[PDB]
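Only one chain is included here, represented as structure tokens and corresponding to the form deposited without the named molecule.
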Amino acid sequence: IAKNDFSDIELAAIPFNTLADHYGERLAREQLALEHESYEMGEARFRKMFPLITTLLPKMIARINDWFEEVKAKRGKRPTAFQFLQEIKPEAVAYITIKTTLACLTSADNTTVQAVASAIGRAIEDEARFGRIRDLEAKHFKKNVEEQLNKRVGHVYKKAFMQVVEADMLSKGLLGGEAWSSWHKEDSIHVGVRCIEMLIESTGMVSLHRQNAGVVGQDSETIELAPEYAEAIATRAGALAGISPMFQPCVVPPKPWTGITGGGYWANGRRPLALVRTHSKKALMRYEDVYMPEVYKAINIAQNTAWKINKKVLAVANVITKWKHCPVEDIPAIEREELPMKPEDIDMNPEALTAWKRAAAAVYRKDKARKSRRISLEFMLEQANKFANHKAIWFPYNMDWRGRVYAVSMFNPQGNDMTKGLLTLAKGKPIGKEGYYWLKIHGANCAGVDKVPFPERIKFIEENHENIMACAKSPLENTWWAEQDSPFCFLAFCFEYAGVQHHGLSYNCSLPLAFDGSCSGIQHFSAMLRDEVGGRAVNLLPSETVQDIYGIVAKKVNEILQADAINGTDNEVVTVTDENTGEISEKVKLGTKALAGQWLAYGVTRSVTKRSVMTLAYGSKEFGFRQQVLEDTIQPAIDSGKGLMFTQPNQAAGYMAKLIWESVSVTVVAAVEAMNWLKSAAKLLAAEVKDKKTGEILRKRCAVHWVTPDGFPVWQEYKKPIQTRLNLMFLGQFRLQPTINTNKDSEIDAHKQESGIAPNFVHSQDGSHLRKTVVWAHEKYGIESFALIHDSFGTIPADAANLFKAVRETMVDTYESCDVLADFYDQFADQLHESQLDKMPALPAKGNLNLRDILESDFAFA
């Protein structure tokens, strides 16, 4: 083990060396240096900036010292935060805070004092530990290594790219460990809050706002980025110049994963990562010695893909994102949106100061969103411009408790349009007729043209040749591209395309082209159940046309509407018929006849069913859609000015929720029958079997466990949090008493255990597919560069051909030799129940579909 076995001084030297031999000495330090930014800002690096940081940092740092004197100069008990914070270096505490606070303000929703406070403690603790070794480390790579200039060089602008290291040739000292916080959450939060409290004091960077003072289920306290400060981020250029996200890319290939922890990043002066993100330590220890060569292999392969900033697009982005009217109708506006005017009628409540509260609300709900979207954007731009020149960069990877693979860094290939467009693959190959083809297939997809057959997609592309060429030429003048669904990505396609018209198929392209799965989960359920009626619906089977589940699910809603418009119930009486005299209320019930018509008066298209149905693989049922249709279709309808046909809004949702559910239930009968078998399993596995008046524990509440095809075990165990509050005098102004979930966990939550299985299962299932797909597309075919995004697979135009069939292969290969459901039963059988037994099973029926049809399936990527 790295720990214990070695001494602080060694551990602080090992990473640098094992990283200097490879890649050179110049980068060796750049890698550690860069990583060290997660904890402290560099003296030289800072001073060199003579941006926002240049004012925050110094004032913040001074305030931490002032406080330390204040605390000591006083008799009696010392604030709990002190105890922990006093140990840590003020230059690190300040940076971690500022840095971390901002990153948290990127979330348009969870900016409650607890989320923020928690983040700070989680990182301030990472410096508390590791800080020593981190210091030694800085010292060590700051000094020049001895002799050999050929080894100290390394890089050299050649054509070959840095090669990853051999897991077998890795020093023990690099084998990480202990990647879990060890502080009681109370202490953690304690630290957090004070840091925050000090940020405010020294620099009014943020403010605390009381939200919904009174509501027992909504009340809260949140952090808001102070106005003047927010306006600088949107207005100035690079106000976040020296404020890089917690996790940044890499300048050298990521440390391979050999164990449960300590992979990806290199420095030992940091808090090691963790193969699997988990709710607890022990929970993560269940992977200590599992043995899943394929999982690690898939991961390690994924890390390797080299990326490079897309210089050109970075050039366009740096500009347009500062226009008082950007051509991209999505880039958050610069000028705040002014609140609605008041009808002057203050003393009237017909609906004035009744709904006006709502009117203003929305505007406020948006300003916050738009503000925090600006920060995320700015973070990306900063991160983009920061590595714009780097020949190449890499991304370390992680997994969620289900398996799904994720890029650790904030700015990563799994981001949004702009984020994606700013990136492209490091090395490419000559496009060739094969590539040029799909490069144009992607560009089509990049626009809202992906519901049609390939040939016809191609038409669209060539039919806009002059357009594509115009924009590529002068992007700031021919903004046609910025009017496309995936603007920055399309624009990224134009730069390449034109690049082919200027070099022929001998052109070397690296743009990552992706093939996204139609409707993951519904695909997977369909395969494991061989449902033909449903698989086709998604797209498993070949067709002349691209199937559109959300669309075939809509045509069915319509025919029921048509019929219920002709026939159907008749508007019912009131509540006086059920209870004569006393309740003239609900003077309306509305039958199916009226309700349907109201729907036929609105339209009911593919939109009205998209979300309502795609949340099927999330535990949604007929009751779920109710509150879904309402806010996603009717509410904003009324709220706009239309939808005046929904007289009794609450009832309309009820009618539609039914129709969608009744409609889907027949379309993908399988998925439904499978989700049910799983809900009916987690239930028994959860429930606490008890005897009548004896209460003896026949068998306790257990967790649902199963293993995925590529051999990745997964345990799903939702638990009930043990809460508590804290009494914190805030800025000596009032007592902030936040409710917080304590690390100590108790009884299992059978309700969430049940309603969470299905959605979790498939996701885990498509996670293994994504992995197998990386191993196959890497061994069978040359594909070595991957742009994974859960249900979207991408590579370079050259390798596109092979990846396109690779996904089909693995997809097929697995469900032909694996009965996941049965394999599941082989889990909770010999590991669950003792008495009942019956009234549970009934494995769903298998279908008449041929998993081979997939290979030839034209529009069923993934």
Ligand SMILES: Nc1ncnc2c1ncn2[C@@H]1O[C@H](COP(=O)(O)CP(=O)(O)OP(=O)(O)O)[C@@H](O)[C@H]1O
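What we label the rigid core is the largest C-alpha set whose atoms superpose within 1.5 Å from one form to the other. Residue numbers here begin at 1 and follow the sequence given.
From this point on, the text means the form deposited with the named molecule bound, which you will not see here.
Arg404 is the sole member of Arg404, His190, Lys386, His140 with a non-hydrogen atom lying within 4.5 angstroms of the named molecule in the entry with it bound.
Among the residues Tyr507, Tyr229, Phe84, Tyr550, the one placing a heavy atom within 4.5 Å of the named molecule in the entry with it bound is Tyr550. Between 746-754, 515-523, 229-237, 112-120, the stretch whose residues reach within 4.5 angstroms of the named molecule in the entry with it bound through a non-hydrogen atom is 515-523.
Mapping the unseen interface onto this chain, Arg530 falls outside it, with no heavy atom inside 4.5 Å of the named molecule in the entry with it bound. Using a 4.5 angstroms threshold between heavy atoms, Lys658 stays clear of the named molecule in the entry with it bound. Contact annotation: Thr615 falls within 4.5 Å of the named molecule in the entry with it bound, judged by heavy atom distances.
Interface membership of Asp791, defined by any non-hydrogen atom within 4.5 Å of the named molecule in the entry with it bound, is confirmed. Heavy atoms closer than or equal to 4.5 Å to the named molecule in the entry with it bound belong, across 595-617, to the residues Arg606, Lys610, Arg611, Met614, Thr615, ordered by sequence position. Candidate set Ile431, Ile757, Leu529, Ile98; criterion, C-alpha shift of 2 Å or more between this form and the one not shown after rigid-core fit; matching residue, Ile98. Relative to the superposed core, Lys805 shifts its CA atom by less than 2 Å between this form and the one not shown.
Once the rigid core is overlaid between this form and the one not shown, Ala44 counts among the residues whose Cα shifts by 2 Å or more. Residue displacement note: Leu57 has its CA displaced by at least 2 Å between this form and the one not shown (rigid core superposed).
CA of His184 to CA of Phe247: farther apart by 3 Å or more in the entry with it bound than in the shown form. Relative to the shown form, the Cα atoms of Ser280 and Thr111 move apart by 3 Å or more in the entry with it bound.
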